[PDB]
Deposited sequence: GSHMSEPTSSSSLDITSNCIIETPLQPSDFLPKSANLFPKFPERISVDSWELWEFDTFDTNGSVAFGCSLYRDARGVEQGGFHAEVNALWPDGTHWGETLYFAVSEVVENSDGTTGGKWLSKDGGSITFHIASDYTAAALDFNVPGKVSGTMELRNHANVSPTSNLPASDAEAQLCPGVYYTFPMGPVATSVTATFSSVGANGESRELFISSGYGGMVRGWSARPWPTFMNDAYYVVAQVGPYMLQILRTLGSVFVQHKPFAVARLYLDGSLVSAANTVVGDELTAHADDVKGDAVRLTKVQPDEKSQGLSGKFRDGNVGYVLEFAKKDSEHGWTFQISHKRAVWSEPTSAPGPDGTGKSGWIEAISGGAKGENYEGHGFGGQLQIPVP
C-alpha cells in the first residue's frame, strides 16, 4: 500500500466550489482517484463493472461512484442491477459512508465502499489490468463475487490512451475502458427478489461485459441530456461505446468514446461522432423496424445503428442493436408526454464489416434528463 485515498461523507471531504482533477496519466488506467483528498459538489468518479451471459438471459452490473449525489442518503452510491432468465430484476442504490482506493507496492489497485454496519463492496485490479475481482458483502441485500479477466495476446497496456484527447468524451470529461475485452463470472445471492421477496442466487460463467473508468469536474447536465452506453460481444468483435447528445450548455453537440476489438486486437478507437476514427450512432424507430423493445419514457427508439469508420476505410463496421430484455427502468422527471427516464437493456446485436453477419448480445443503457 504506497498511495491511499480515503473519503468519508461525514468528515468535510466535499467542497461547494469547483476542483481541478489530477492530470490524466498517459498509458495508465488512471484507476487511482483523480480527486484523491476531496471532491467538489460537481465532481464525479466512476469505477463500473458490468457482466452478462453468452445467451443474453442474465445480467449483473455494479457502478461505484465518488460524488456528492448520495450525501443526504448517508454515503457514496453504488448502483447494483441484476436480471434473471424469467425476467425478474433486482435494482438498488446502495449507500456507503466511506470510500477507500489504494495503490499497492505490487502495483495492484484496491477499492472499498464501506458501510457503518460493516457491509462493503470491494474491488481488486491487477497491476497489468488483465483481471478484476469484486466482493459484495451487503447484509440483507446482496453477497457474492464477480471476476473479469482479459486473455488477449496484446496487453491492455498497449491499448491505453496515450493523450488527453484519446481519454476524453469532451474537454474535462474522461471516459476510458482500460481492461478491453473480458471474460466474466458472477456468483451472487440476493436476500429478497421479486414480488414474493424470496432469496435468489445468480450465476454467470465465461460471460461477457466490461469495465469503465471515468471522471470529471463537469456535472452531467452541463454536457449532455441524452446518453447511450453499451458493452457487447458480436462473434469475434468486442465493442464498448458511450455516446452523449448535448444539452444547451454545449450547444447540443454530440460526443463519443468508442472502442472496437477483433479477437482481442484493437481495430477502431474513436473519440469523435459524425452523426482518429469516428462513430455514427443513429436511433431506430418502431415505424422503421419490427424487432426491438422501446423504453417506457419519451424516447421511443427500439434500438440503434452503430457504425465505426476510419479515414482510409470504405465501409467500416456496422452493428444493428435491438433492445431485447429490460433490466431497469426509472424516471428522471415528473411523468407526462415529455417524461424522461433511464432504461437498461440486454441488447441483440448483429453485423460487422461488409459481408459479415455476426450475432451476439450486449448490456446497454440509455438516459435522458430534462435539460433543454
Per the record, deposited positions without any C-alpha are 1-6, 282-292
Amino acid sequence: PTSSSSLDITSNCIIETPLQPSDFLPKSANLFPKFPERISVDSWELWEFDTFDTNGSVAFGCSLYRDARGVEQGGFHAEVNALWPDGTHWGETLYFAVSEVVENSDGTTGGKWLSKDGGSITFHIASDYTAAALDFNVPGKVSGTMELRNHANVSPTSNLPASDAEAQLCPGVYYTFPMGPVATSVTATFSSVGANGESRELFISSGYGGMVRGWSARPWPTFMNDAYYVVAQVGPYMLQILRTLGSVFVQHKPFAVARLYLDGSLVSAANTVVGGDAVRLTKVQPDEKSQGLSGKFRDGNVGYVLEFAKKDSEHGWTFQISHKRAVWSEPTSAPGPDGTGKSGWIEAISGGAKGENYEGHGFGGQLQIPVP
From here on, numbers count along this sequence of modelled residues.
Looking only at CA atoms, which has the higher mean B factor in the entry: 306-314 or 64-72? 306-314
Which of the two stretches, 362-370 or 4-12, shows the higher mean Cα temperature factor in the record? 4-12
Entry record, C-alpha B-factors for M224, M238, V154, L242; the maximum is at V154
Given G292, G209, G172, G194, identify the residue with the highest C-alpha B factor in the PDB entry. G194
Tell me, lowest, middle or highest third: where does the Cα B factor of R325 rank within its chain? middle
For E79, the third of its chain by CA B-factor is the middle
Which third, lowest, middle or highest, does the C-alpha temperature factor of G214 belong to within its own chain? lowest
Please rank the C-alpha B-factors of the chain's modelled residues and tell me whether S28 sits in the lowest, middle or highest third. highest
C-alpha B factor of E37, ranked within the chain: lowest, middle or highest third? highest
